[PDB]
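So the chains spell out like this:
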Amino acid sequence: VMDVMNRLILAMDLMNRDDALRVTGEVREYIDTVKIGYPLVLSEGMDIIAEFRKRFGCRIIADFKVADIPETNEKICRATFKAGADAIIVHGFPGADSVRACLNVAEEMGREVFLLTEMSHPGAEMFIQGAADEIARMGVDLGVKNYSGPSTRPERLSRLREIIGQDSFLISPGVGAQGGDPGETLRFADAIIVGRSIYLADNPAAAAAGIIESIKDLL
Amino acid sequence: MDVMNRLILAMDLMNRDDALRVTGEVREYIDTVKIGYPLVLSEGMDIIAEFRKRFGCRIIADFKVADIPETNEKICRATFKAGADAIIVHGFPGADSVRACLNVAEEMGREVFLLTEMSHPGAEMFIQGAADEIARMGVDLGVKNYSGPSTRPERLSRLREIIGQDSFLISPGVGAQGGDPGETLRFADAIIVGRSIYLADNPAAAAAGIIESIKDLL
Ligand SMILES: O=c1cnn([C@@H]2O[C@H](COP(=O)(O)O)[C@@H](O)[C@H]2O)c(=O)[nH]1
Ligand SMILES: O=c1cnn([C@@H]2O[C@H](COP(=O)(O)O)[C@@H](O)[C@H]2O)c(=O)[nH]1
């Protein structure tokens, strides 16, 4: 599995290149893995991935919530890996063919897929939560090794960990701003994802350091 | 929304030169282009303004928006800043995520299309069973624009029933995925067509052919 420094992944959702680079640089001693999503990519271009690789020694997870038909999913994954992403996040709710399409491209291109199981926001209760255990089981059947699940619902995160097994790699957003606790989340997830609690802080480095101090016995 | 010839081009070529040339070739037949991540991730968001400069066409950003509300808001803002007239949003992530998109669209003078059921085989696993409820959620939220599956006209008809005749309904899966242009237009206001046009030996003839087949439907 990827070796995530300090079990902490930065969700870099600032939408300005200068701010995104400044904040990421400030926390670089604490974090070697950065999740870049569409807020930044749609604002600054896929070349922002290149820029991060150039500036920082960071692994890049493209949080693109891939959620199209197989043919389109293939194209999205190809473009994303071509740009230098180490991994891509993919929805399971569009079904097994859509997921398989991403897995096939990742296998061919030597990169990784993370399957999102249940989302951490309130609206997730409406449809995704009821499908999440089956989505996780589907991932296991398809050979998915990497997953994302919700910090905001420890009971759900625990069940999802059970389904995917201890050997699977599990990351978890919703820590901090959305209400999730770093330590409790790391009972089940391999790494936590943190965005606003760090990138909106007056001192992002102090914020990251504070989170890390709070989980030091788990490192 | 008034779509020329009831035909929306899905421009999923991944090269700027090819995408611009093929769109140019069929410009006399369309005034609405759906641009998705295949093109945007290959050539940048600046491609949207370039399409407007060259063709004056309407632009629907097919970004399958599917994040938490806070992130959805950012995605919609970035997308509308790039000049998109509308954006396609998943309903599966729930009502708050959809509402986030509706907010930005209202703010910037744009439209949200709610995707209810997808057209590929895997849609049967989870989406299809949620689709009627997603459509009702759209109605509850005041959504006026929807997308549904050409490949399942019985499902498309049901979608139409739920949202009513006043709502605007577009439908992908025509051609390559097996859907029929004329049958789909029994229920949808407009059909989306990608590969059957952009991978054709002669895209202009392909477009003309499709239009000829639905001429009695305008
Ligand atoms: O279920 C979820 C919830 N959030 N996110 C993403 O993780 C980050 C959470 O950031 P935050 O710490 O500012 O809440 C954002 O990029 C959000 O899109 C997910 O991928 N899945
Ligand atoms: O349920 C679906 C199926 N396809 N599409 C999109 O519509 C287009 C269909 O293209 P095609 O005519 O080449 O199949 C592609 O951009 C695809 O991502 C959707 O938005 N929803």
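The name the PDB entry assigns to chain B is Orotidine 5'-monophosphate decarboxylase, from the organism Methanobacterium thermoautotrophicum. What UniProt states about chain B under its Pathway heading is, verbatim, "Pyrimidine metabolism; UMP biosynthesis via de novo pathway; UMP from orotate: step 2/2." Under the UniProt heading Subunit, the note attached to chain B is "Homodimer."

Under the PDB entry, the name given to chain A is Orotidine 5'-monophosphate decarboxylase, and the source organism is Methanobacterium thermoautotrophicum. UniProt lists a comment for chain A under the heading Catalytic activity, and it reads "orotidine 5'-phosphate + H(+) = UMP + CO2". Looking at the Pathway heading of the UniProt record, one finds this comment for chain A: "Pyrimidine metabolism; UMP biosynthesis via de novo pathway; UMP from orotate: step 2/2."

Novice: Requested: an account of the packing of helix α4 (residues 70–82) of chain A against helix α5 (residues 96–109) of chain A, with residues and values cited.
Specialist: Two numbers describe a pair of packed helices, the interaxial angle and the distance between the axes. Residues and elements named next belong to chain A. Between α4 and α5, whose axes approach to 8 Å, the crossing angle comes to 30°. Considered as vectors, α4 and α5 are oriented roughly parallel to each other. For the crossing formed where α4 meets α5, the hand is right-handed. Side by side, α4 and α5 meet where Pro70, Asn73, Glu74, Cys77, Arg78, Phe81 and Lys82 of the first sit next to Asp97, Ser98, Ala101, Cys102, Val105, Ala106, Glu108 and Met109 of the second. Of the residues that constitute the contact of α4 with α5, the class distribution is eight nonpolar, two polar and five charged.

Novice: So, the site of ligand 1: which residues are in play, and what are the values?
Specialist: Around ligand 1, a shell composed of 17 residues is seen, among which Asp13, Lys65 and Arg196 of chain A together with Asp67 and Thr71 of chain B lie nearest. More than one chain reaches ligand 1: its neighbouring residues belong to chains A and B. At 2.8 Å, a backbone N or O of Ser120 of chain A approaches an oxygen atom of ligand 1. The contact in question runs from an oxygen atom of ligand 1 to an N or O atom on the side chain of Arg196 of chain A, over 2.7 Å. Taken by itself ligand 1 offers 470 Å² of open surface, and the protein chains cover 99% of this.

Novice: Before we move on, could you go through the interface of chain A and chain B and cite the residues and values that matter?
Specialist: Size of an interface, as often reported, equals the accessible area lost when the parts are brought together. Contact with chain A, which involves 45 residues of that partner, is made by 45 residues of chain B. When the two sides are added together, the surface that chain A and chain B hide from each other amounts to roughly 3,400 Å², 71% of it contributed by carbon and sulfur. Among the residues of chain A in contact with chain B, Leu42, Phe93 and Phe127 of chain A are the three that bury the most area, contributing 23% of the side total. The tally of links between chain A and chain B comes to four salt bridges.

Novice: Quick one: what's the story with the UniProt feature "active site" in chain B, residue by residue and with numbers?
Specialist: As annotated by UniProt and renumbered to match this structure, "active site" occupies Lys64 of chain B. Positionally, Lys64 of chain B belongs in strand β3 (residues 58–65). Residue class for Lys64 of chain B comes out buried when judged on its relative accessible area of 10%. For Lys64 of chain B, the contacting residues outside a window of four places in its chain are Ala67 and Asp68 of chain A together with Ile88, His90, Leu115 and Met118 of chain B. In this structure the side chain of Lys64 of chain B is engaged in a polar contact, spanning 2.8 Å, whose partner is the side chain of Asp68 of chain A.

Novice: Could you give an account of the pairing of strand β2 (residues 33–37) of chain A, naming the residues involved and the relevant values?
Specialist: All names here are of chain A. Burial of β2 is extensive: five of the five residues sit out of reach of the surface. Residue alternation in β2 divides its side chains into two sets, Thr33, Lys35 and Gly37 and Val34 and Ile36, and both sets are buried. When strand β1 (residues 8–12) meets β2, the two strands line up parallel, connected through three bridges. Its bridge partner being in β2, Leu10 is matched across the sheet by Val34. Once the chain exits β1 it traverses helix α1 (residues 17–26) before rejoining the sheet at β2, and the crossover so formed is right-handed.

Novice: Let's hear about the site of ligand 2: which residues, and what values?
Specialist: As a structural note, the neighbourhood of ligand 2 is formed by 16 residues, with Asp68 of chain A together with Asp12, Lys64, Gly194 and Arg195 of chain B the closest of them. In this structure ligand 2 sits where residues from chains A and B come together. At 2.9 Å, a side-chain N or O of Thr72 of chain A approaches an oxygen atom of ligand 2. Between ligand 2 and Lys34 of chain B, the relevant distance is 2.8 Å, taken from an oxygen atom to a side-chain nitrogen or oxygen of the residue. Surface burial for ligand 2 is 98%, taken as the share of its 470 Å² of free accessible area covered by protein chains. Split by residue class, the shell around ligand 2 holds six nonpolar, four polar and six charged.

Novice: Which residues make up unusual backbone geometry, and what are the values?
Specialist: All names here are of chain A. The backbone of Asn6 shows a phi angle near 60°, a positive value even though the residue is not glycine. Along the chain, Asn6 falls in the segment before β1. In this structure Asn6 comes out as partly exposed when scored by relative accessible area, which is 23%. For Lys65, which is not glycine, the phi torsion reads 40° and is therefore positive. Judged by its relative accessible area of 10%, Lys65 falls in the buried class.

Novice: How would you summarise the pattern of salt bridges if you had to cite specific residues and measurements?
Specialist: Any two side chains of opposite charge can pair if their charged atoms end up close together. Following the criterion strictly, the structure yields 37 salt bridges over all chains and no others. A salt bridge links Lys54 of chain A to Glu51 of chain A, with the nearest nitrogen and oxygen atoms 3.2 Å apart. Taken together, the residues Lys54 of chain A and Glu51 of chain A, both in helix α3 (residues 47–55) and three residues apart, mark about one turn of the helix. A salt bridge links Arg16 of chain B to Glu50 of chain B; the shortest N-O distance between them is 2.6 Å. Linking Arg16 of chain B in helix α1 (residues 16–25) with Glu50 of chain B in helix α3 (residues 46–55), this pair joins segments that are 34 residues apart in sequence. Judged by relative accessible area, which is 21%, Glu50 of chain B ranks as partly exposed. One continuous salt-bridge network, built from bridges that share partners, spans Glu117, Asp132, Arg152, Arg155, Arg158 and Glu161 of chain B.

Definitions and cut-offs
Residues numbered from 1 in each chain as written, not as in the entry; some residues may be left out. Chains lettered and ligands numbered in written order. Heavy atoms only, no water. UniProt positions renumbered as here; feature names shortened; annotations may be inferred. Axes fitted to C-alpha atoms, helices over the stretch in contact; angles between N-to-C directions. Helix = DSSP H or I, 4+ residues; strand = E, 2+ residues; numbered from the N terminus. Parallel < 35°, antiparallel > 145°, perpendicular 65-115°, else oblique. Left-handed = near helix turned anticlockwise from the far one by under 90°. Contact = heavy atoms within 4.5 Å. Nonpolar A, V, L, I, M, F, W, Y, C, P; charged D, E, K, R; others polar. Near = heavy atom within 4 Å. Polar contact = N/O pair within 3.5 Å; in protein donor to acceptor, adjacent residues only side chain to side chain. Areas by Shrake-Rupley, 256 points an atom, 1.4 Å probe, with all protein chains shown as cover. Buried area = accessible area lost by both parts, 1.4 Å probe. Salt bridge = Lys/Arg side-chain N within 4 Å of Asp/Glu carboxyl O. Buried < 20%, exposed > 50% of the residue type's maximum accessible area, 1.4 Å probe, protein only. Pairing = 2+ DSSP bridges. Right-handed = clockwise from strand over helix to strand, strands pointing away.

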